[PDB]
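Novice: Have a look at this one before I ask anything.
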Amino acid sequence: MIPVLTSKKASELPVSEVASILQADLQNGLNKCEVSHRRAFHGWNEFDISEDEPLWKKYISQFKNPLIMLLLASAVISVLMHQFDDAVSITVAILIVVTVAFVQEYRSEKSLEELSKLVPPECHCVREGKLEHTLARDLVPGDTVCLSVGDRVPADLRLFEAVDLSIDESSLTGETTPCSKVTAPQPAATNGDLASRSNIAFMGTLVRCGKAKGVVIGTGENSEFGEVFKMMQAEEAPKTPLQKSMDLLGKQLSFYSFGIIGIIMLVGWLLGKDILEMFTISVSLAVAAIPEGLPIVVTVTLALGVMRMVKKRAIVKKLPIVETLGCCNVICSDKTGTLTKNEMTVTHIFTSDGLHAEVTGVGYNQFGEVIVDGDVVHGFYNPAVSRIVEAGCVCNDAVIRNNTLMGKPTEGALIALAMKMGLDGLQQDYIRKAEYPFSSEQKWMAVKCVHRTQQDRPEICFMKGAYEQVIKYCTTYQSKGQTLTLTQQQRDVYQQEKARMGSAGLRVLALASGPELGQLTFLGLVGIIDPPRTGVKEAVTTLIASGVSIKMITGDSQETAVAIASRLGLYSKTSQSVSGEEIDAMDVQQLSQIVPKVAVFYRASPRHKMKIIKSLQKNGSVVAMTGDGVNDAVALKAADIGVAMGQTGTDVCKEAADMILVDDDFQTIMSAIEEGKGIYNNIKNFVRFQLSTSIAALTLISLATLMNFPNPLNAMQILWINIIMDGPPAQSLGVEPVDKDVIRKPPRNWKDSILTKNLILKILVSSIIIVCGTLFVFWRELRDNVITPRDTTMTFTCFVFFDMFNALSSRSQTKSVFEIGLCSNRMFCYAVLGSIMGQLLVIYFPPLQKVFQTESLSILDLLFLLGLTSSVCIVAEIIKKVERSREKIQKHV
Ligand SMILES: Nc1ncnc2c1ncn2[C@@H]1O[C@H](COP(=O)(O)OP(=O)(O)CP(=O)(O)O)[C@@H](O)[C@H]1O
Ligand SMILES: [Ca+2]
Ligand SMILES: [Mg+2]
């Protein structure tokens, strides 16, 4: 039986003894069958998840509300009296109400737990001698885990290989300085504090630099500080500010409703009316007017938006970011990953002498050739191009195999061009001795390699990079084999050629070589191509046209970036560009007045990205920046809508950013805006419908009380109307697919409220129309002195039909009834049908007849009510149509 090794003992114990105890193969990894056995015995590589879900507890918690308690008290006091039919009716009504509330809460909790836990932790592991790609959830104590830069440590590792490792342990230790890691055993005297353990990698820490490979010593709860981990991250309350605003609005509406109910009670009691019946009616109205489904529906619509985002490759965490996601003003993205595909090929070759050579072929394939202006070259014919491809081979770091690329796209394109000429065998012929790492701030890499067949000649350097960083280190050039020196008369024409290459759609680079890396010989430039991704130009145009001001932050040259922006809709006739030196000269103040006028940035850095973020946030704008680097993590954290990458993004940037895309494309941002605006529109629909229904009911009750005639609503019918107003139909209205025409609207403001003048006017119009219809029904209904329950049933049916028709036309503030389709959201149709059958059963069920005192009606009366109750829908449709037509005509003219 394998024992679990503690962190301190693993640090104390030698690596070989540790591997002996865990029976782990450091080279070939661990086999799958033993992986399954260890997983079965030790559980999975997860945190022990346990919580109380005693459904009877949440059933009881649905009770104890003051409204339900008062209803139960009224039921008890009626039981104490001589009446029992009212008591049984009220208790079955409150039972239906609490069951509806229970299913609403259950659905809300269900959506809550389908939310989150959607980005599993993923890390490398060695099994059966192969580096295989598993989730961290699959780990067992004994596997060999490879750690890379930017990867999050999945479990406690006993490090045995490490070259210049720095691990950010600020999360678990609080030290802002990453801790260097070693592999030697640690002394017992220094094994006291956590930070002194320099040979163990802890789960949840981020690797900042270096390479590593260790064996898991702990999984799940046995891991050190796992206790404090489940202490902090297990429970949290990240309340969305939109939820707070909705709660405040609901509380204000509830206070106003309570004031209205109190005024109505005072007026009725001062007028000498009923006591118990009026009290029950008032308490039913109070429980009706309270918006209780608003938080449930907002959680449901947030979860639905997140799920719809995920269904089409848009993973969004950090729930309250979605609320401000729709209020997007400025969008920034790179140019190699999000706008154009990462498929680079070289189609132009330029040398020191000057010969326009064109290269054909698309992709990393060997079908292709180099075409000078009339020649046939398949070998050592032109010395300049041969030297260029040889330098490309020497400076190359990646390796191409079976038409596959594993490395940076630029080196892949260079090696593909080299293989096209037939010199693929020179990549491994030269062996590097001194290596110069390539960096964003450096923009050039150098190698020191010599031929192995002969070593009489001294060392020769081969380096490539940007032209601005190449001509500075190069003052010699070749014409016909011999070495000469360049002057200004060649630098100017080289600059013109660089600009010409940067035009159209080509990328500009430079090749240099020499004996010592202080004086080289210029070779020429390579015309790497970069085709834009399909369906990006129209997306960019339709984004910038409406309300967005997308900018460009790319590391290319001036001409290349300008041409790429001109191909899309980013560049205009009034836009400028800021260089890296210029953006470094000014920190915040001088950059503020120029950021809204520049859409293309020169070769920048993560520090420059931070500067742009600070300048944009100073002006008061929302920025959505996408990054794929370790040093872009701070930029993503500072940005409110920072986006990470799935395939080209590290784990550090994945965790730091609030949005992760499994595919790099400039199409999910419009999708983010569309779902955000759609869920906002659904919330507006719910709010408008609930407010209109509540206002109509309260106005009808107030007019009934003030005019001194019995109210044709009772209490059970009021409870049914309440269930309709915030229940299955209200949630059906809240659940709605995103409208196609929702992107042609200026971005929303974060400080804007939910109630507008148009919404208030529509609510008032609908309420007054419903009230007028009910008054007309009553006037045509009571033409004598005899009052029957049939009249009350007819009034209740008219009110139900009016509410249903209002909900029918409340699913679109701008679209018509037939524009979205009669059957688009099947949930709404199902709810309407269920309400219809429930009303019919209430009318025609002897038990429900006794409960609801509905008596009976006729087919002709029902048809007349249906014909009359359609007034709200037609009026709303015509006013919406005329308003939309007038707005479109005015904006067109
Ligand atoms: N393998 C390589 N060797 C030498 N230079 C390289 C290189 N890859 C890129 N460069 C140089 O680095 C410069 C800027 O590159 P950087 O990596 O900062 O951004 P980038 O090339 O990835 C474009 P972007 O950031 O918009 O995706 C380019 O002009 C290029 O000349
Ligand atoms: Ca209510
Ligand atoms: Mg970049």
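We name chains A, B, ... following the order of the structure tokens; residues begin at 1 in each chain, and ligands are numbered from 1 as shown.
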Step by step, measure atom-to-atom distances between ligand 3 and each residue using only C-alpha atoms and all ligand atoms, keep those at most 7 Å, then write them as an MDAnalysis selection string.

Specialist: chainID A and resid 334 554:555

Novice: Collect all residues with atoms no farther than 12 Å from ligand 2, counting only C-alpha atoms and all ligand atoms, and output them as an mmCIF file with N, CA, C and O atoms, in the first residue's frame.

Specialist:
data_model
loop_
_atom_site.group_PDB
_atom_site.id
_atom_site.type_symbol
_atom_site.label_atom_id
_atom_site.label_comp_id
_atom_site.auth_asym_id
_atom_site.auth_seq_id
_atom_site.Cartn_x
_atom_site.Cartn_y
_atom_site.Cartn_z
ATOM 1 N N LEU A 67 -45.814 37.474 5.031
ATOM 2 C CA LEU A 67 -47.048 37.347 4.262
ATOM 3 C C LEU A 67 -47.665 35.964 4.437
ATOM 4 O O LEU A 67 -48.866 35.836 4.704
ATOM 5 N N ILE A 68 -46.852 34.913 4.295
ATOM 6 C CA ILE A 68 -47.359 33.556 4.463
ATOM 7 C C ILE A 68 -47.770 33.309 5.909
ATOM 8 O O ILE A 68 -48.758 32.611 6.169
ATOM 9 N N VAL A 97 -48.837 28.253 -3.552
ATOM 10 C CA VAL A 97 -47.884 29.359 -3.603
ATOM 11 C C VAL A 97 -46.510 28.911 -3.113
ATOM 12 O O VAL A 97 -45.482 29.207 -3.737
ATOM 13 N N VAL A 98 -46.466 28.189 -1.989
ATOM 14 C CA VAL A 98 -45.170 27.791 -1.448
ATOM 15 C C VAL A 98 -44.525 26.729 -2.326
ATOM 16 O O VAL A 98 -43.298 26.692 -2.455
ATOM 17 N N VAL A 100 -44.840 26.622 -5.614
ATOM 18 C CA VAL A 100 -44.309 27.392 -6.737
ATOM 19 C C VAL A 100 -43.012 28.084 -6.338
ATOM 20 O O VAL A 100 -42.033 28.093 -7.096
ATOM 21 N N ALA A 101 -42.980 28.666 -5.137
ATOM 22 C CA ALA A 101 -41.755 29.295 -4.652
ATOM 23 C C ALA A 101 -40.633 28.274 -4.502
ATOM 24 O O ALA A 101 -39.469 28.573 -4.788
ATOM 25 N N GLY A 250 -36.832 46.685 -6.255
ATOM 26 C CA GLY A 250 -37.898 45.871 -5.700
ATOM 27 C C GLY A 250 -38.305 46.315 -4.310
ATOM 28 O O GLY A 250 -39.491 46.320 -3.973
ATOM 29 N N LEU A 253 -40.368 49.508 -4.696
ATOM 30 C CA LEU A 253 -41.706 49.172 -5.169
ATOM 31 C C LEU A 253 -42.533 48.527 -4.065
ATOM 32 O O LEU A 253 -43.731 48.802 -3.934
ATOM 33 N N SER A 254 -41.908 47.665 -3.258
ATOM 34 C CA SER A 254 -42.613 47.037 -2.145
ATOM 35 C C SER A 254 -43.041 48.065 -1.107
ATOM 36 O O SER A 254 -44.146 47.980 -0.563
ATOM 37 N N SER A 257 -45.970 49.910 -2.508
ATOM 38 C CA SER A 257 -47.149 49.053 -2.477
ATOM 39 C C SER A 257 -47.714 48.937 -1.067
ATOM 40 O O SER A 257 -48.934 48.947 -0.880
ATOM 41 N N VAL A 283 -54.151 41.526 2.410
ATOM 42 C CA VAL A 283 -52.928 40.744 2.577
ATOM 43 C C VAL A 283 -52.588 40.000 1.287
ATOM 44 O O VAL A 283 -51.409 39.859 0.929
ATOM 45 N N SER A 284 -53.605 39.528 0.558
ATOM 46 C CA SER A 284 -53.349 38.909 -0.737
ATOM 47 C C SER A 284 -52.777 39.921 -1.723
ATOM 48 O O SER A 284 -51.863 39.603 -2.491
ATOM 49 N N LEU A 285 -53.293 41.152 -1.707
ATOM 50 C CA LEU A 285 -52.732 42.195 -2.562
ATOM 51 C C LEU A 285 -51.294 42.513 -2.173
ATOM 52 O O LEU A 285 -50.450 42.766 -3.041
ATOM 53 N N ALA A 286 -51.003 42.529 -0.872
ATOM 54 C CA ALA A 286 -49.648 42.812 -0.415
ATOM 55 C C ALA A 286 -48.675 41.732 -0.868
ATOM 56 O O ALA A 286 -47.561 42.036 -1.313
ATOM 57 N N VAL A 287 -49.073 40.462 -0.764
ATOM 58 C CA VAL A 287 -48.191 39.394 -1.227
ATOM 59 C C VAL A 287 -48.116 39.381 -2.751
ATOM 60 O O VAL A 287 -47.125 38.916 -3.327
ATOM 61 N N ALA A 288 -49.148 39.892 -3.430
ATOM 62 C CA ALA A 288 -49.124 39.949 -4.888
ATOM 63 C C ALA A 288 -48.174 41.027 -5.394
ATOM 64 O O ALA A 288 -47.393 40.791 -6.323
ATOM 65 N N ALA A 289 -48.227 42.219 -4.795
ATOM 66 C CA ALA A 289 -47.487 43.361 -5.318
ATOM 67 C C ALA A 289 -45.985 43.239 -5.101
ATOM 68 O O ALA A 289 -45.218 43.905 -5.805
ATOM 69 N N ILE A 290 -45.550 42.417 -4.153
ATOM 70 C CA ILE A 290 -44.125 42.243 -3.884
ATOM 71 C C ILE A 290 -43.483 41.497 -5.047
ATOM 72 O O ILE A 290 -43.918 40.387 -5.384
ATOM 73 N N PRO A 291 -42.460 42.059 -5.689
ATOM 74 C CA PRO A 291 -41.729 41.290 -6.703
ATOM 75 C C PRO A 291 -40.780 40.300 -6.050
ATOM 76 O O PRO A 291 -39.720 40.684 -5.547
ATOM 77 N N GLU A 292 -41.152 39.020 -6.055
ATOM 78 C CA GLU A 292 -40.330 37.984 -5.448
ATOM 79 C C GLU A 292 -39.552 37.166 -6.467
ATOM 80 O O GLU A 292 -38.547 36.547 -6.103
ATOM 81 N N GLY A 293 -39.989 37.152 -7.723
ATOM 82 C CA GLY A 293 -39.300 36.443 -8.774
ATOM 83 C C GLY A 293 -38.246 37.234 -9.509
ATOM 84 O O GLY A 293 -37.644 36.707 -10.446
ATOM 85 N N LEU A 294 -38.010 38.490 -9.129
ATOM 86 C CA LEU A 294 -36.987 39.284 -9.810
ATOM 87 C C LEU A 294 -35.579 38.731 -9.617
ATOM 88 O O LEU A 294 -34.868 38.558 -10.623
ATOM 89 N N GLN A 690 -44.338 43.050 -15.033
ATOM 90 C CA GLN A 690 -44.695 43.005 -13.620
ATOM 91 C C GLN A 690 -45.223 44.351 -13.141
ATOM 92 O O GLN A 690 -46.230 44.412 -12.423
ATOM 93 N N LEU A 691 -44.562 45.444 -13.537
ATOM 94 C CA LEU A 691 -45.006 46.768 -13.120
ATOM 95 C C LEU A 691 -46.384 47.091 -13.678
ATOM 96 O O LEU A 691 -47.237 47.629 -12.964
ATOM 97 N N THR A 693 -48.786 44.952 -14.591
ATOM 98 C CA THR A 693 -49.797 44.133 -13.927
ATOM 99 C C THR A 693 -50.084 44.649 -12.522
ATOM 100 O O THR A 693 -51.249 44.779 -12.120
ATOM 101 N N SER A 694 -49.029 44.963 -11.763
ATOM 102 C CA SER A 694 -49.220 45.450 -10.401
ATOM 103 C C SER A 694 -49.951 46.787 -10.387
ATOM 104 O O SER A 694 -50.855 46.998 -9.571
ATOM 105 N N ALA A 697 -53.674 46.227 -11.263
ATOM 106 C CA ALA A 697 -54.409 45.619 -10.157
ATOM 107 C C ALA A 697 -54.630 46.614 -9.024
ATOM 108 O O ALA A 697 -55.738 46.709 -8.476
ATOM 109 N N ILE A 718 -57.151 36.874 -6.545
ATOM 110 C CA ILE A 718 -55.989 37.754 -6.448
ATOM 111 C C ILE A 718 -54.711 36.934 -6.326
ATOM 112 O O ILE A 718 -53.684 37.261 -6.932
ATOM 113 N N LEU A 719 -54.753 35.854 -5.541
ATOM 114 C CA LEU A 719 -53.588 34.982 -5.415
ATOM 115 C C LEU A 719 -53.251 34.313 -6.742
ATOM 116 O O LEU A 719 -52.074 34.173 -7.095
ATOM 117 N N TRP A 720 -54.272 33.878 -7.485
ATOM 118 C CA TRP A 720 -54.027 33.296 -8.803
ATOM 119 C C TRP A 720 -53.418 34.321 -9.755
ATOM 120 O O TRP A 720 -52.495 34.003 -10.519
ATOM 121 N N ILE A 721 -53.921 35.556 -9.719
ATOM 122 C CA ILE A 721 -53.361 36.622 -10.548
ATOM 123 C C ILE A 721 -51.911 36.884 -10.162
ATOM 124 O O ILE A 721 -51.058 37.129 -11.023
ATOM 125 N N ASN A 722 -51.610 36.839 -8.864
ATOM 126 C CA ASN A 722 -50.234 37.003 -8.407
ATOM 127 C C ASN A 722 -49.344 35.889 -8.940
ATOM 128 O O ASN A 722 -48.244 36.144 -9.442
ATOM 129 N N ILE A 723 -49.816 34.645 -8.849
ATOM 130 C CA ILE A 723 -49.044 33.513 -9.354
ATOM 131 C C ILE A 723 -48.775 33.682 -10.843
ATOM 132 O O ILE A 723 -47.680 33.377 -11.334
ATOM 133 N N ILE A 724 -49.765 34.187 -11.581
ATOM 134 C CA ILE A 724 -49.569 34.467 -13.002
ATOM 135 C C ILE A 724 -48.524 35.562 -13.196
ATOM 136 O O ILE A 724 -47.661 35.467 -14.078
ATOM 137 N N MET A 725 -48.575 36.612 -12.369
ATOM 138 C CA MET A 725 -47.755 37.796 -12.612
ATOM 139 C C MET A 725 -46.270 37.532 -12.376
ATOM 140 O O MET A 725 -45.429 38.101 -13.081
ATOM 141 N N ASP A 726 -45.921 36.686 -11.401
ATOM 142 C CA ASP A 726 -44.525 36.287 -11.188
ATOM 143 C C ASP A 726 -44.514 34.784 -10.922
ATOM 144 O O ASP A 726 -44.605 34.335 -9.776
ATOM 145 N N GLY A 727 -44.391 34.009 -11.996
ATOM 146 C CA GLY A 727 -44.392 32.570 -11.914
ATOM 147 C C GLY A 727 -43.930 31.943 -13.213
ATOM 148 O O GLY A 727 -42.970 32.400 -13.842
ATOM 149 N N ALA A 730 -44.164 34.541 -16.072
ATOM 150 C CA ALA A 730 -43.161 35.591 -15.928
ATOM 151 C C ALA A 730 -41.772 35.075 -16.283
ATOM 152 O O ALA A 730 -41.005 35.752 -16.976
#

Novice: For ligand 1, collect every residue having any atom at a distance of at most 6 Å from a ligand atom (counting only C-alpha atoms and all ligand atoms); output as a PyMOL selection string.

Specialist: chain A and resi 334-336+410-411+440+443-445+464-466+509+554-556

Novice: With N, CA and C atoms kept, could you save the residues just selected as a PDB file, in the first residue's frame?

Specialist:
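Below is the file that was written, again_33.pdb:
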ATOM      1  N   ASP A 334      -4.655  42.154 -30.297  1.00  0.00           N
ATOM      2  CA  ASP A 334      -3.417  42.075 -31.010  1.00  0.00           C
ATOM      3  C   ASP A 334      -3.706  41.901 -32.456  1.00  0.00           C
ATOM      4  N   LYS A 335      -2.743  41.441 -33.218  1.00  0.00           N
ATOM      5  CA  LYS A 335      -3.021  41.184 -34.603  1.00  0.00           C
ATOM      6  C   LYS A 335      -2.642  39.795 -35.034  1.00  0.00           C
ATOM      7  N   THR A 336      -2.048  39.010 -34.168  1.00  0.00           N
ATOM      8  CA  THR A 336      -1.612  37.712 -34.588  1.00  0.00           C
ATOM      9  C   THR A 336      -2.189  36.807 -33.583  1.00  0.00           C
ATOM     10  N   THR A 410       6.585  32.542 -37.093  1.00  0.00           N
ATOM     11  CA  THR A 410       7.630  33.148 -37.915  1.00  0.00           C
ATOM     12  C   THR A 410       8.738  32.148 -38.226  1.00  0.00           C
ATOM     13  N   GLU A 411       9.209  31.425 -37.208  1.00  0.00           N
ATOM     14  CA  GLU A 411      10.227  30.406 -37.438  1.00  0.00           C
ATOM     15  C   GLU A 411       9.694  29.265 -38.293  1.00  0.00           C
ATOM     16  N   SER A 440      10.291  40.224 -26.363  1.00  0.00           N
ATOM     17  CA  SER A 440       9.459  41.257 -26.974  1.00  0.00           C
ATOM     18  C   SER A 440      10.176  42.601 -26.997  1.00  0.00           C
ATOM     19  N   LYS A 443      13.288  42.027 -29.800  1.00  0.00           N
ATOM     20  CA  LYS A 443      12.862  41.932 -31.196  1.00  0.00           C
ATOM     21  C   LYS A 443      13.952  41.380 -32.110  1.00  0.00           C
ATOM     22  N   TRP A 444      14.944  40.689 -31.552  1.00  0.00           N
ATOM     23  CA  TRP A 444      15.959  40.031 -32.363  1.00  0.00           C
ATOM     24  C   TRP A 444      16.583  38.904 -31.553  1.00  0.00           C
ATOM     25  N   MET A 445      16.911  37.809 -32.235  1.00  0.00           N
ATOM     26  CA  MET A 445      17.552  36.656 -31.620  1.00  0.00           C
ATOM     27  C   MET A 445      18.807  36.305 -32.407  1.00  0.00           C
ATOM     28  N   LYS A 464      18.512  37.439 -36.794  1.00  0.00           N
ATOM     29  CA  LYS A 464      17.419  38.030 -37.552  1.00  0.00           C
ATOM     30  C   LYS A 464      16.526  38.827 -36.611  1.00  0.00           C
ATOM     31  N   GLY A 465      15.786  39.768 -37.186  1.00  0.00           N
ATOM     32  CA  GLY A 465      14.893  40.594 -36.396  1.00  0.00           C
ATOM     33  C   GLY A 465      14.354  41.745 -37.221  1.00  0.00           C
ATOM     34  N   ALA A 466      13.822  42.742 -36.519  1.00  0.00           N
ATOM     35  CA  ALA A 466      13.276  43.920 -37.179  1.00  0.00           C
ATOM     36  C   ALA A 466      14.383  44.718 -37.857  1.00  0.00           C
ATOM     37  N   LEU A 509      10.751  41.616 -42.287  1.00  0.00           N
ATOM     38  CA  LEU A 509      11.784  41.178 -41.358  1.00  0.00           C
ATOM     39  C   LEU A 509      13.159  41.459 -41.953  1.00  0.00           C
ATOM     40  N   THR A 554      -0.487  45.990 -32.108  1.00  0.00           N
ATOM     41  CA  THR A 554       0.286  44.929 -32.735  1.00  0.00           C
ATOM     42  C   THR A 554       1.759  45.315 -32.764  1.00  0.00           C
ATOM     43  N   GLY A 555       2.611  44.296 -32.821  1.00  0.00           N
ATOM     44  CA  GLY A 555       4.047  44.470 -32.836  1.00  0.00           C
ATOM     45  C   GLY A 555       4.667  44.635 -34.205  1.00  0.00           C
ATOM     46  N   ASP A 556       3.860  44.785 -35.251  1.00  0.00           N
ATOM     47  CA  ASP A 556       4.377  44.927 -36.603  1.00  0.00           C
ATOM     48  C   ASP A 556       4.913  46.342 -36.821  1.00  0.00           C
TER      49      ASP A 556
END

Novice: Please identify which residues in stretch 208-388 of chain A DSSP calls strand (DSSP E or B) from the backbone, and express them as JSON, numbers by chain.

Specialist: {"A": [208, 209, 210, 211, 212, 213, 214, 215, 216, 217, 218, 315, 316, 330, 331, 332, 333, 336, 340, 345, 346, 347, 348, 349, 350, 351, 357, 358, 359, 370, 371]}

Novice: Go through A:486, A:562, A:769, A:568 and flag the residue nearest residue A:533, using only C-alpha atoms for the distances.

Specialist: A:568

Novice: Might you pull out every residue within 12 Å of residue A:621, with only C-alpha atoms counted and same-chain residues fewer than 6 positions away left off, and present them as a ChimeraX atom specification?

Specialist: /A:324,327-331,548-549,592,595-596,612-615,639-641,747,749-750

Novice: Give me every helix (DSSP H, G or I) residue in stretch 518-633 of chain A, going by DSSP on the backbone, as an MDAnalysis selection string.

Specialist: chainID A and resid 537:546 558:567 580:585 589:592 595:597 606:619 630:633

Novice: Tell me, as a ChimeraX atom specification, which residues lie within 12 Å of stretch 366-374 of chain A, counting only C-alpha atoms; anything in the same chain fewer than 2 positions away does not count.

Specialist: /A:345-351,354-364,376-379,381-382,385-386,389,400-404,413,415-424,527

Novice: Would you mind telling me which residue in A:831, A:823, A:70, A:735 lies nearest to residue A:298 when using only C-alpha atoms?

Specialist: A:735

Novice: Can you tell me how far atom CA of residue A:485 sits from atom CA of residue A:383, in Å to one decimal?

Specialist: 18.3 Å

Novice: If we count only C-alpha atoms and set the cut-off at 12 Å, which residues sit around stretch 71-84 of chain A, ignoring sequence neighbours fewer than 3 positions away in its own chain? Please answer as a CSV table (one decimal) with C-alpha atoms, in the first residue's frame.

Specialist:
chain,number,residue,atom,x,y,z
A,63,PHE,CA,-42.1,29.4,5.0
A,64,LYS,CA,-41.8,31.9,7.9
A,65,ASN,CA,-42.4,34.8,5.5
A,66,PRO,CA,-44.5,37.6,7.1
A,67,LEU,CA,-47.0,37.3,4.3
A,68,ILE,CA,-47.4,33.6,4.5
A,87,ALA,CA,-60.2,28.0,5.3
A,88,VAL,CA,-59.6,25.0,3.0
A,89,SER,CA,-59.4,27.3,-0.1
A,90,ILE,CA,-56.9,29.6,1.5
A,91,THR,CA,-54.7,26.8,2.8
A,92,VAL,CA,-54.6,25.0,-0.6
A,93,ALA,CA,-53.9,28.4,-2.2
A,94,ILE,CA,-50.9,29.0,0.1
A,95,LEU,CA,-49.7,25.5,-0.4
A,97,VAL,CA,-47.9,29.4,-3.6
A,98,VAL,CA,-45.2,27.8,-1.4
A,275,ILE,CA,-63.3,43.5,8.2
A,276,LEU,CA,-62.1,39.9,7.7
A,277,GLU,CA,-62.8,39.7,3.9
A,278,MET,CA,-61.2,43.1,3.4
A,279,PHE,CA,-58.2,42.1,5.5
A,280,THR,CA,-57.7,38.9,3.5
A,281,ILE,CA,-58.0,40.8,0.3
A,282,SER,CA,-55.4,43.4,1.5
A,283,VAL,CA,-52.9,40.7,2.6
A,284,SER,CA,-53.3,38.9,-0.7
A,285,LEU,CA,-52.7,42.2,-2.6
A,286,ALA,CA,-49.6,42.8,-0.4
A,287,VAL,CA,-48.2,39.4,-1.2
A,715,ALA,CA,-58.6,36.9,-2.4
A,716,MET,CA,-58.2,33.5,-4.1
A,719,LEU,CA,-53.6,35.0,-5.4
A,850,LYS,CA,-66.3,25.3,-4.3
A,851,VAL,CA,-62.8,26.7,-3.7

Novice: Nearest residue to residue A:743 out of A:773, A:620, A:326, A:220, using only C-alpha atoms?

Specialist: A:326

Novice: At what distance in Å, to one decimal, does atom CA of residue A:881 lie from atom CA of residue A:863?

Specialist: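 One can read the atom CA of residue A:863 to atom CA of residue A:881 distance as 27.2 Å.
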
Novice: List the spatial neighbours of residue A:637 as a PyMOL selection string - criterion: any atom at most 6 Å away, only C-alpha atoms, same-chain residues fewer than 2 positions off excluded.

Specialist: chain A and resi 634-635+639+656-657

Novice: Using only C-alpha atoms, which residues sit within 9 Å of residue A:473 once same-chain residues fewer than 5 positions away are excluded, as a list in words?

Specialist: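 So, after excluding close chain neighbours, the residues are residues 517, 518, 519 and 520 of chain A.
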
Novice: Quick one, how far is atom CA of residue A:315 from atom CA of residue A:661?

Specialist: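 Result for atom CA of residue A:315 versus atom CA of residue A:661: 5.9 Å, one decimal.
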
Novice: With only C-alpha atoms as the basis for distance, which of A:704, A:754, A:321, A:829 is at the shortest distance from residue A:624?

Specialist: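 Ranking A:704, A:754, A:321, A:829 by distance to residue A:624, first place goes to A:321.
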
Novice: Out of A:297, A:391, A:586, A:700, which residue has the shortest atom-to-atom distance to residue A:104 when counting only C-alpha atoms?

Specialist: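 Closest to residue A:104 of all the choices is A:297.
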